[PDB]
Amino acid sequence: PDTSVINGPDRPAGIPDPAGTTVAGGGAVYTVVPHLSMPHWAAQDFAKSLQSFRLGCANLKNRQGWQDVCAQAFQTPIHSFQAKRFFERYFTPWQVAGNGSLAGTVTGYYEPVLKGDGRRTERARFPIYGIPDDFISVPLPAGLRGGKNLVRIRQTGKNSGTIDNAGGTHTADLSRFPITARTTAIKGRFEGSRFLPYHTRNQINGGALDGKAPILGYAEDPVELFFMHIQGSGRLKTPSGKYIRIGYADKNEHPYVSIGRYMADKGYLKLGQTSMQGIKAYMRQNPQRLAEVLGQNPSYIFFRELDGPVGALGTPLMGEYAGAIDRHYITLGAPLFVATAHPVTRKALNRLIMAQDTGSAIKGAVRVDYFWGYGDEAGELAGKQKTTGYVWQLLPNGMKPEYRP
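Numbering-wise, the sequence shown is residues 32 to 337, 343 to 441 according to PDB author numbering.
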């Protein structure tokens, strides 16, 4: 998972910057410390951390600076002493401080499991859609993020187009598009002379995508399907007990609206019964409100077929041994020692996770989204996790951390 070992000569270890060496940028300060100044260093399950590092190396291998440690990872036995020595000998620890503080926020995320099936059945009735046949993504230059312009669009590929005012084939009225400050692409479809915003969740729920999109699977509950959209990935568990792994492909770009807030406004349930268990039970006694409530959130996620979801590094994540970081501050792929408390037991949760993912809301020098794995338990823990953490970034000897604006 892995268990294996590649034989051969130890890779060059290189030359560690000495303790107290400092890099600063973007309000952050990185400082080399001894491996032993990290809380409970020696006691950790380094064998799991090494299996986690090995998963990232399929892509991390190819990044300058990382070739030797990634080859060395596969020549190290999956045992905690050897793994510990690998991290101690091949990497230098950089304590991270953001805005003058070593303290930051650790939150949690997971991959939900839902009952479903690969083909439609009496129970698995709700389709999970791949990217539609007519779904067109068009890059939006920073210049147009005021979203007022009437532009022309030209198709350039099956699911892609470009803004071309002189030779575009269709008109797009950007004011009609859900464009905000962070927007880097608009999603739409060609229709007569126009390029129109893509279907909202309500239109999709009401069957806009019929015969027009790949279906990857069917879920049994539309509320849990709805929440998988929120998580951005998931796994179907078939009646056989088999898994269908499903990953983020794209989205319609329509805003996120919170249905818990809507539900609280209509009086349907109060703003405290706001959970997928509360909504799911409520929708079981009141099926006539389903279409209405779900369609309040216009955002809609499209998926693709893929053990572990694939993060920003392009690599499958190990439960409890990976997290999402801000790439402005943390070098993607780096081991990250995180010191924090377990969300439930309050026992020290001190460990080397692999910084293998990113997230739109994950911002700051000391800021981790802790990946808990897949399933119900992982989702409970993930939802309860909002703890203070302290972080150290381990980098290959001689590689410096960097603020990347």
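Yeah, the Cβ is synthetic: ideal placement off N, Cα and C, and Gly gets one too.
### Message
Since residue 410 and residue 421 should fall inside the 8 Å C-beta cutoff, what is the C-beta to C-beta distance between them, to a whole number of angstroms?
### Response
Position 374 of the sequence shown, counting from 1, holds the residue named residue 410. Position 385 of the sequence shown, counting from 1, holds the residue named residue 421. Rounded to whole angstroms, the Cβ separation of residue 410 and residue 421 is 16 Å, and the two are not in contact under 8 Å.
### Message
Here's a check: name, in chain order, each residue in its chain whose Cβ is nearer than 6 Å to the Cβ of residue 280, leaving out the five neighbours to either side.
### Response
Position 249 of the sequence shown holds residue 280. Here the set comprises 162, 333, 334, 335.
### Query
Which class does residue 235 belong to by DSSP, given the choice of helix, strand or coil?
In the sequence shown, counting from the first residue as 1, residue 235 sits at position 204. Residue 235 falls in the helix class under three-state DSSP.
### Message
Considering only their Cβ atoms, is the gap separating residue 361 from residue 372 smaller than 8 Å?
### Response
By 1-based counting over the sequence shown, the position of residue 372 is 336. By 1-based counting over the sequence shown, the position of residue 361 is 325. In this structure, residue 372 sits near residue 361, with a CB-CB distance shorter than 8 Å.
#### Entry: Element boundaries [beta strand (DSSP E), containing residue 249]
By one-based count along the sequence shown, residue 249 stands at place 218. According to the DSSP assignment, residue 249 belongs to the beta strand (DSSP E) that extends over 246-250.
### Query
Mind checking whether residue 153 and residue 66 have CB atoms under 8 Å apart?
For this step, residue 153 is matched to residue 122 along the sequence shown. For this step, residue 66 is matched to residue 35 along the sequence shown. Taking 8 Å as the Cβ cut-off, residue 153 and residue 66 do not qualify as a contacting pair.
### Message
For residue 341 and residue 393, what's the separation of their Cα atoms in angstroms?
### Response
A gap in the chain, from 337 straight to 343, means residue 341 has no coordinates in the model shown.
#### Entry: Expected contact under 8 Å - CB spacing of residue 229 and residue 156 to nearest Å
Within the sequence shown, the letter at position 198 stands for residue 229. Within the sequence shown, the letter at position 125 stands for residue 156. So it is not a contact: roughly 24 Å between Cβ atoms.
### Message
With H, G and I counted as helix, E and B as strand and the rest as coil, what does DSSP make of residue 291?
### Response
By 1-based counting over the sequence shown, the position of residue 291 is 260. When DSSP states are grouped into helix, strand and coil, residue 291 belongs to the helix group.
### Query
At what residues does the beta strand (DSSP E) containing residue 339 begin and finish?
One cannot assign coordinates to residue 339, given that the chain in this structure leaps from 337 to 343.
### Task
List in chain order: all unbroken alpha helix (DSSP H) runs of 4+ residues lying wholly within the segment 150-233.
With a minimum length of 4 residues, there is no unbroken run of alpha helix (DSSP H) contained wholly in the segment 150-233.
### Query
Any chance the segment 37-51 sits against the segment 120-134, with 3 or more Cβ pairs inside 8 Å?
Contact between the segment 37-51 and the segment 120-134 is present, because at least three Cβ pairs lie under 8 Å.
### Message
Taking DSSP's pairing of strands, which residues face residue 42 in a bridge?
### Response
As a first step, residue 42 must be located in the sequence shown, where it is residue number 11. For residue 42, DSSP records no beta bridge to any residue.
### Query
How is the beta strand (DSSP E) around residue 283 delimited, first residue to last?
The residue labelled residue 283 in the question sits at position 252 within the sequence shown. Run containing residue 283: none; DSSP gives neither H nor E here.
### Query
Can you give the Cα-Cα distance for residue 299 and residue 165, rounded to whole angstroms?
Walking along the sequence shown from the start, residue 299 turns up at place 268. Walking along the sequence shown from the start, residue 165 turns up at place 134. Taking the straight line joining both Cα atoms gives about 36 Å.
### Task
Drop a sphere of 10 angstroms on the beta-carbon of residue 171, count the other beta-carbons inside from all chains shown, and report buried for 16 or more, exposed for fewer.
As a working mapping, residue 171 is identified with position 140 in the sequence shown. It counts as buried.
### Query
Between which two residues does the beta strand (DSSP E) containing residue 359 stretch?
Residue mapping note: residue 359 aligns to position 323 of the sequence shown, counting from 1. Per DSSP, residue 359 is one residue of the beta strand (DSSP E) stretching across 358-360.
### Query
So is residue 181 buried or exposed if we call it buried at 16+ other beta carbons inside 10 Å?
Position 150 of the sequence shown, counting from 1, holds the residue named residue 181. Residue 181 is exposed by the Cβ-count criterion.
### Message
So, for residue 189: in the same chain, excluding its five sequence neighbours on each side, which residues have a beta-carbon less than 6 Å away from its beta-carbon?
### Response
Start at 1 with the first residue of the sequence shown, and residue 189 comes out as number 158. Exclusion of the five residues before and after residue 189 leaves no residue of its chain whose Cβ lies closer than 6 Å to its Cβ.
### Task
Taking residue 77 as the reference, give the member of 429, 169, 440, 388 with the closest Cα.
Position 46 of the sequence shown holds residue 77. Cα-wise, what sits closest to residue 77 is 388.
### Query
With DSSP run on the structure shown, which of helix, strand or coil describes residue 312?
Along the sequence shown, read from residue 1 onward, the residue named residue 312 stands at position 281. In the structure shown, residue 312 sits in a helix (DSSP, three-state: H, G or I).
### Task
To the nearest angstrom, report how far apart residue 277 and residue 212 are at their CA atoms.
On the sequence shown, position 246 is the one that residue 277 refers to. On the sequence shown, position 181 is the one that residue 212 refers to. Straight-line Cα distance between these residues: approximately 29 Å.
### Query
Ends of the alpha helix (DSSP H) at residue 87?
In the sequence shown, counting from the first residue as 1, residue 87 sits at position 56. Unbroken alpha helix (DSSP H) run through residue 87: 77-91.
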